[PDB]
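Here we start with a single chain on its own, the form deposited in one PDB entry, put down as structure tokens.
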């Protein structure tokens, strides 16, 4: 088949305000987020299109898995902070890990951490072993490879467990991930006195995100003055817009051109001056 990826992002704060949960976890399949979890509610909740999907995962049991990871992740953050002697400062530890398959064949995986935005430590499953980037990561590298077993386990997760889990979610998610929802396009305009007229083209409610939206002046592609696009996760749809500035006297016709995988033919919307 095609490419599919399973991704997780853990974020921990040494010091956080009351609303703000100290630990936050989120998972994604391709471009969409299918679940979340935070240190406050301590609950693994499905998201977007998966909110209606049942049997894919035991959210109760996963909530326990996260609670575990949390304790561990946060403790690591604790140690690091201790190293730099700033136990009472605001710091962040971010973990990102996952795998991906292409043609039903494992095609990669990763596991990396970021302390305060900087690269901290990263796992190389081909060695297998961790790679330090930050001085403290050396201590952490130490601990994490204390027993020969550890590195083996890590390699296993990425090469075995992760992909396995990806496989199962696919059984419940392929559809969501495979959608070919065409974009609706709308042309709009703005005009302030003493300024060039601005034409805006908006493509929306489409999926996948890959799309081509551009303006043409009498048939010649026009470089946009402003671009912009968004993903609405709970929804599963994208929105991409482009704005051109049309000179005062210009009479050349302006049309918006939208190309997308779900469309057999490019969609063209002219601007009726």
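Numbering follows the first chain given and starts at 1.
The form deposited in another entry exists for this protein as well; it is not shown, and the discussion that follows is about that form.
For the conformational change between this form and the one not shown, the C-alpha atoms of residue 143 and residue 41 are both best fitted by the same rigid part's superposition. A decrease of at least 3 Å in the separation of the C-alpha atoms of residue 212 and residue 100 is found in the other entry, compared with the displayed form. Between residue 43 and residue 235, the C-alpha separation grows by 3 Å or more in the other entry, relative to the conformation displayed.
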